[PDB]
$ cat structure.cif   # mmCIF, C-alpha atoms; chains and numbers go by the auth columns
data_query
#
loop_
_atom_site.group_PDB
_atom_site.id
_atom_site.type_symbol
_atom_site.label_atom_id
_atom_site.label_comp_id
_atom_site.label_asym_id
_atom_site.label_seq_id
_atom_site.Cartn_x
_atom_site.Cartn_y
_atom_site.Cartn_z
_atom_site.B_iso_or_equiv
_atom_site.auth_seq_id
_atom_site.auth_asym_id
ATOM 1 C CA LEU A 1 128.148 94.240 78.538 0.00 7 A
ATOM 2 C CA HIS A 2 127.421 90.579 77.865 0.00 8 A
ATOM 3 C CA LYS A 3 125.577 88.782 75.061 0.00 9 A
ATOM 4 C CA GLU A 4 122.780 86.328 75.901 0.00 10 A
ATOM 5 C CA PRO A 5 121.046 83.852 73.588 0.00 11 A
ATOM 6 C CA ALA A 6 117.548 84.381 72.257 0.00 12 A
ATOM 7 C CA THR A 7 115.322 82.808 69.626 0.00 13 A
ATOM 8 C CA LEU A 8 113.327 84.541 66.912 0.00 14 A
ATOM 9 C CA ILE A 9 109.597 84.502 67.288 0.00 15 A
ATOM 10 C CA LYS A 10 108.571 87.204 64.848 0.00 16 A
ATOM 11 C CA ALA A 11 110.042 90.326 63.283 0.00 17 A
ATOM 12 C CA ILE A 12 107.440 93.079 63.639 0.00 18 A
ATOM 13 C CA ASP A 13 109.161 96.030 62.001 0.00 19 A
ATOM 14 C CA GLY A 14 112.567 97.375 61.086 0.00 20 A
ATOM 15 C CA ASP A 15 113.401 98.156 64.672 0.00 21 A
ATOM 16 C CA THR A 16 111.035 95.988 66.736 0.00 22 A
ATOM 17 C CA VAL A 17 111.245 92.211 67.020 0.00 23 A
ATOM 18 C CA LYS A 18 109.669 89.550 69.217 0.00 24 A
ATOM 19 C CA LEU A 19 112.161 87.114 70.753 0.00 25 A
ATOM 20 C CA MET A 20 112.164 84.236 73.228 0.00 26 A
ATOM 21 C CA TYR A 21 114.472 85.437 76.000 0.00 27 A
ATOM 22 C CA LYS A 22 115.107 83.347 79.143 0.00 28 A
ATOM 23 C CA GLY A 23 112.157 81.219 78.140 0.00 29 A
ATOM 24 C CA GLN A 24 109.603 84.060 77.860 0.00 30 A
ATOM 25 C CA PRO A 25 108.226 85.796 74.732 0.00 31 A
ATOM 26 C CA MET A 26 109.338 89.433 74.722 0.00 32 A
ATOM 27 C CA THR A 27 109.159 92.419 72.351 0.00 33 A
ATOM 28 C CA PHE A 28 112.559 94.103 71.860 0.00 34 A
ATOM 29 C CA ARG A 29 113.159 97.609 70.542 0.00 35 A
ATOM 30 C CA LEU A 30 116.596 97.928 68.872 0.00 36 A
ATOM 31 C CA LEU A 31 118.736 100.420 70.800 0.00 37 A
ATOM 32 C CA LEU A 32 120.003 103.719 69.246 0.00 38 A
ATOM 33 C CA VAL A 33 118.338 103.351 65.862 0.00 39 A
ATOM 34 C CA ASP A 34 115.254 104.723 64.169 0.00 40 A
ATOM 35 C CA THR A 35 114.032 102.952 61.037 0.00 41 A
ATOM 36 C CA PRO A 36 111.234 104.266 58.837 0.00 42 A
ATOM 37 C CA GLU A 37 108.220 102.266 59.967 0.00 43 A
ATOM 38 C CA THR A 38 105.348 100.386 58.420 0.00 44 A
ATOM 39 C CA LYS A 39 103.383 100.730 61.660 0.00 45 A
ATOM 40 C CA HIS A 40 101.450 103.948 62.335 0.00 46 A
ATOM 41 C CA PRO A 41 98.476 105.708 60.715 0.00 47 A
ATOM 42 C CA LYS A 42 99.879 109.138 61.329 0.00 48 A
ATOM 43 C CA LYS A 43 102.609 108.081 58.901 0.00 49 A
ATOM 44 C CA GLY A 44 101.201 105.053 57.147 0.00 50 A
ATOM 45 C CA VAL A 45 103.995 103.120 55.433 0.00 51 A
ATOM 46 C CA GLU A 46 106.911 105.550 55.215 0.00 52 A
ATOM 47 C CA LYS A 47 109.490 105.270 52.438 0.00 53 A
ATOM 48 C CA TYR A 48 112.134 102.581 53.010 0.00 54 A
ATOM 49 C CA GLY A 49 109.906 101.195 55.793 0.00 55 A
ATOM 50 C CA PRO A 50 109.164 97.890 53.990 0.00 56 A
ATOM 51 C CA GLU A 51 112.854 97.655 53.043 0.00 57 A
ATOM 52 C CA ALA A 52 114.071 98.219 56.615 0.00 58 A
ATOM 53 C CA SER A 53 111.520 95.733 57.778 0.00 59 A
ATOM 54 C CA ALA A 54 112.497 92.989 55.295 0.00 60 A
ATOM 55 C CA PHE A 55 116.173 93.511 56.047 0.00 61 A
ATOM 56 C CA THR A 56 115.785 92.957 59.789 0.00 62 A
ATOM 57 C CA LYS A 57 113.526 90.029 59.108 0.00 63 A
ATOM 58 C CA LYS A 58 115.866 88.290 56.690 0.00 64 A
ATOM 59 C CA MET A 59 118.928 88.857 58.785 0.00 65 A
ATOM 60 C CA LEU A 60 117.299 87.265 61.793 0.00 66 A
ATOM 61 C CA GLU A 61 115.455 84.470 60.033 0.00 67 A
ATOM 62 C CA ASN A 62 118.631 83.301 58.290 0.00 68 A
ATOM 63 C CA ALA A 63 120.808 83.374 61.409 0.00 69 A
ATOM 64 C CA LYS A 64 122.411 80.350 63.040 0.00 70 A
ATOM 65 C CA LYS A 65 122.557 82.182 66.383 0.00 71 A
ATOM 66 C CA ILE A 66 120.761 85.270 67.738 0.00 72 A
ATOM 67 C CA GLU A 67 122.081 87.125 70.797 0.00 73 A
ATOM 68 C CA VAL A 68 120.793 90.127 72.721 0.00 74 A
ATOM 69 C CA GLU A 69 122.976 92.615 74.538 0.00 75 A
ATOM 70 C CA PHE A 70 121.510 95.006 77.140 0.00 76 A
ATOM 71 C CA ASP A 71 123.277 98.351 77.693 0.00 77 A
ATOM 72 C CA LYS A 72 124.266 99.919 81.095 0.00 78 A
ATOM 73 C CA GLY A 73 120.990 101.716 81.876 0.00 79 A
ATOM 74 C CA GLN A 74 117.384 100.663 81.991 0.00 80 A
ATOM 75 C CA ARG A 75 116.559 97.512 80.080 0.00 81 A
ATOM 76 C CA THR A 76 112.889 98.075 79.212 0.00 82 A
ATOM 77 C CA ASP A 77 111.059 101.158 77.954 0.00 83 A
ATOM 78 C CA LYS A 78 107.677 102.504 79.087 0.00 84 A
ATOM 79 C CA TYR A 79 105.907 100.019 76.784 0.00 85 A
ATOM 80 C CA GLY A 80 107.493 96.986 78.303 0.00 86 A
ATOM 81 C CA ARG A 81 109.875 96.441 75.371 0.00 87 A
ATOM 82 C CA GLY A 82 113.421 95.244 76.047 0.00 88 A
ATOM 83 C CA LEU A 83 116.067 97.755 74.989 0.00 89 A
ATOM 84 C CA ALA A 84 118.993 95.970 73.379 0.00 90 A
ATOM 85 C CA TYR A 85 121.632 95.483 70.732 0.00 91 A
ATOM 86 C CA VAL A 86 120.652 92.431 68.696 0.00 92 A
ATOM 87 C CA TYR A 87 123.269 90.233 66.963 0.00 93 A
ATOM 88 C CA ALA A 88 122.824 87.763 64.082 0.00 94 A
ATOM 89 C CA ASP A 89 125.775 85.348 63.833 0.00 95 A
ATOM 90 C CA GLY A 90 127.921 87.920 65.605 0.00 96 A
ATOM 91 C CA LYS A 91 126.849 90.850 63.454 0.00 97 A
ATOM 92 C CA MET A 92 124.971 93.679 65.117 0.00 98 A
ATOM 93 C CA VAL A 93 121.611 94.215 63.438 0.00 99 A
ATOM 94 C CA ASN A 94 121.407 97.764 64.706 0.00 100 A
ATOM 95 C CA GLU A 95 124.707 98.656 63.008 0.00 101 A
ATOM 96 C CA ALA A 96 123.881 96.714 59.807 0.00 102 A
ATOM 97 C CA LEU A 97 120.711 98.754 59.339 0.00 103 A
ATOM 98 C CA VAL A 98 122.532 102.060 59.810 0.00 104 A
ATOM 99 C CA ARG A 99 125.425 101.034 57.589 0.00 105 A
ATOM 100 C CA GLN A 100 122.918 100.262 54.790 0.00 106 A
ATOM 101 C CA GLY A 101 121.163 103.590 55.092 0.00 107 A
ATOM 102 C CA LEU A 102 118.024 101.867 56.386 0.00 108 A
ATOM 103 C CA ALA A 103 117.998 103.609 59.804 0.00 109 A
ATOM 104 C CA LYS A 104 119.165 106.821 61.469 0.00 110 A
ATOM 105 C CA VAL A 105 121.015 106.969 64.783 0.00 111 A
ATOM 106 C CA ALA A 106 118.299 107.872 67.355 0.00 112 A
ATOM 107 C CA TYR A 107 118.248 110.587 70.032 0.00 113 A
ATOM 108 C CA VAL A 108 120.532 109.020 72.588 0.00 114 A
ATOM 109 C CA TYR A 109 119.670 108.547 76.272 0.00 115 A
ATOM 110 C CA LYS A 110 122.570 108.175 78.639 0.00 116 A
ATOM 111 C CA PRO A 111 123.662 105.853 79.979 0.00 117 A
ATOM 112 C CA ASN A 112 122.253 103.642 77.207 0.00 118 A
ATOM 113 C CA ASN A 113 124.823 104.728 74.646 0.00 119 A
ATOM 114 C CA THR A 114 127.799 102.354 74.696 0.00 120 A
ATOM 115 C CA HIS A 115 127.830 101.709 70.912 0.00 121 A
ATOM 116 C CA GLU A 116 126.893 105.279 69.995 0.00 122 A
ATOM 117 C CA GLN A 117 130.149 106.366 68.281 0.00 123 A
ATOM 118 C CA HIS A 118 130.407 103.058 66.423 0.00 124 A
ATOM 119 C CA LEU A 119 126.939 103.654 65.064 0.00 125 A
ATOM 120 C CA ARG A 120 127.513 107.280 64.178 0.00 126 A
ATOM 121 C CA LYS A 121 130.574 106.174 62.271 0.00 127 A
ATOM 122 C CA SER A 122 128.523 103.747 60.212 0.00 128 A
ATOM 123 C CA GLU A 123 125.877 106.341 59.654 0.00 129 A
ATOM 124 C CA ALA A 124 128.398 108.875 58.286 0.00 130 A
ATOM 125 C CA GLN A 125 129.657 106.249 55.784 0.00 131 A
ATOM 126 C CA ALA A 126 126.119 105.383 54.612 0.00 132 A
ATOM 127 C CA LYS A 127 125.567 109.116 54.207 0.00 133 A
ATOM 128 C CA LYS A 128 128.784 109.438 52.250 0.00 134 A
ATOM 129 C CA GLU A 129 127.678 106.546 50.000 0.00 135 A
ATOM 130 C CA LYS A 130 124.237 108.113 49.542 0.00 136 A
ATOM 131 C CA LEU A 131 122.520 104.818 50.329 0.00 137 A
ATOM 132 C CA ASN A 132 118.718 104.363 50.547 0.00 138 A
ATOM 133 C CA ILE A 133 117.378 106.959 53.032 0.00 139 A
ATOM 134 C CA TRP A 134 120.361 109.127 52.148 0.00 140 A
ATOM 135 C CA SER A 135 119.835 108.670 48.367 0.00 141 A
#
$ encode --input "structure.cif" --output "structure tokens"
Amino acid sequence: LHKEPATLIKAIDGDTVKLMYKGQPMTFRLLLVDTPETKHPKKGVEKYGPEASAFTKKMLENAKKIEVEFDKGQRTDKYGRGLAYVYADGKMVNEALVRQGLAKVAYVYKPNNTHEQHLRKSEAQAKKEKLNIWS
């Protein structure tokens, strides 16, 4: 896989952010993670949704460098969103959310699953520490 630079436009939710990628505005969905969301009526604001959303937002807004990393399979979903691992100063946002108990590892779709075991590892630790969603 390779990392490519991007620039923050707007964080929309815990797991969806708008970035400037190769000069174009694009919505990215973070690969392999489900955060509780603030967006959806059938739901409303679920618990830990505002927390997940502020975390992603702060981590990206305070970064020196943001990079996106596409996996081996398809790179957009049916809504036109890019499917990627997003890094803030070299730290994967998708993992950071899971490690903090602010996201679950999603239902995985091969072949987009390179960092799957890494993420499950972090999720088991957050579970062991009874953090946030696991509290």
$ residues_around --input "structure.cif" --residues "range 58-67 of chain A" --least-positions-apart "2" --cutoff "8 Å" --atoms "only C-alpha atoms" --output "PyMOL selection string"
chain A and resi 14+17-21+41-44+54-56+69+72+94+99+103+108-109
$ write_last_selection --input "structure.cif" --atoms "C-alpha atoms" --output "PDB file, keeping the file's coordinate frame"
ATOM      1  CA  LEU A  14     113.327  84.541  66.912  1.00  0.00           C
ATOM      2  CA  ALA A  17     110.042  90.326  63.283  1.00  0.00           C
ATOM      3  CA  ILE A  18     107.440  93.079  63.639  1.00  0.00           C
ATOM      4  CA  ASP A  19     109.161  96.030  62.001  1.00  0.00           C
ATOM      5  CA  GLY A  20     112.567  97.375  61.086  1.00  0.00           C
ATOM      6  CA  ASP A  21     113.401  98.156  64.672  1.00  0.00           C
ATOM      7  CA  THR A  41     114.032 102.952  61.037  1.00  0.00           C
ATOM      8  CA  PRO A  42     111.234 104.266  58.837  1.00  0.00           C
ATOM      9  CA  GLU A  43     108.220 102.266  59.967  1.00  0.00           C
ATOM     10  CA  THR A  44     105.348 100.386  58.420  1.00  0.00           C
ATOM     11  CA  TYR A  54     112.134 102.581  53.010  1.00  0.00           C
ATOM     12  CA  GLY A  55     109.906 101.195  55.793  1.00  0.00           C
ATOM     13  CA  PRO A  56     109.164  97.890  53.990  1.00  0.00           C
ATOM     14  CA  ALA A  69     120.808  83.374  61.409  1.00  0.00           C
ATOM     15  CA  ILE A  72     120.761  85.270  67.738  1.00  0.00           C
ATOM     16  CA  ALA A  94     122.824  87.763  64.082  1.00  0.00           C
ATOM     17  CA  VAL A  99     121.611  94.215  63.438  1.00  0.00           C
ATOM     18  CA  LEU A 103     120.711  98.754  59.339  1.00  0.00           C
ATOM     19  CA  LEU A 108     118.024 101.867  56.386  1.00  0.00           C
ATOM     20  CA  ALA A 109     117.998 103.609  59.804  1.00  0.00           C
TER      21      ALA A 109
END
$ atom_distance --input "structure.cif" --atom1 "CA of residue 77 in chain A" --atom2 "CA of residue 115 in chain A"
10.9 Å
$ closest_residue --input "structure.cif" --among "A:129, A:80, A:91, A:136" --to "residue 105 in chain A" --atoms "all atoms listed in the file"
A:129
$ closest_residue --input "structure.cif" --among "A:100, A:33, A:138, A:106" --to "residue 122 in chain A" --atoms "all atoms listed in the file"
A:100
$ resolve_selection --input "structure.cif" --expression "the PyMOL selection byres ((chain A and resi 15) around 7)" --output "list in words"
residues 13, 14, 16, 24, 25 and 26 of chain A
$ atom_distance --input "structure.cif" --atom1 "CA of residue 83 in chain A" --atom2 "CA of residue 27 in chain A"
16.2 Å
$ resolve_selection --input "structure.cif" --expression "the PyMOL selection byres ((chain A and resi 114) around 12)" --output "VMD selection string"
chain A and resid 37 to 40 79 110 to 113 115 to 123 125 to 126
$ closest_residue --input "structure.cif" --among "A:11, A:135, A:87, A:98" --to "residue 73 in chain A" --atoms "only C-alpha atoms"
A:11
$ atom_distance --input "structure.cif" --atom1 "CA of residue 74 in chain A" --atom2 "CA of residue 50 in chain A"
29.1 Å
$ residues_around --input "structure.cif" --residues "residue 86 in chain A" --least-positions-apart "5" --cutoff "10 Å" --atoms "all atoms listed in the file" --output "mmCIF file with C-alpha atoms, in the frame of the given file"
data_model
loop_
_atom_site.group_PDB
_atom_site.id
_atom_site.type_symbol
_atom_site.label_atom_id
_atom_site.label_comp_id
_atom_site.auth_asym_id
_atom_site.auth_seq_id
_atom_site.Cartn_x
_atom_site.Cartn_y
_atom_site.Cartn_z
ATOM 1 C CA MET A 32 109.338 89.433 74.722
ATOM 2 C CA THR A 33 109.159 92.419 72.351
ATOM 3 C CA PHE A 34 112.559 94.103 71.860
ATOM 4 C CA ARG A 35 113.159 97.609 70.542
ATOM 5 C CA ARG A 81 116.559 97.512 80.080
#
$ axis_aligned_box --input "structure.cif" --around "range 12-26 of chain A" --padding-each-side "3 Å" --output "JSON"
{"center_x": 112.5, "center_y": 90.5, "center_z": 67.2, "size_x": 16.1, "size_y": 21.3, "size_z": 18.1}
$ closest_residue --input "structure.cif" --among "A:132, A:12, A:51, A:102" --to "residue 29 in chain A" --atoms "only C-alpha atoms"
A:12
$ closest_residue --input "structure.cif" --among "A:95, A:75, A:101, A:57" --to "residue 8 in chain A" --atoms "all atoms listed in the file"
A:75
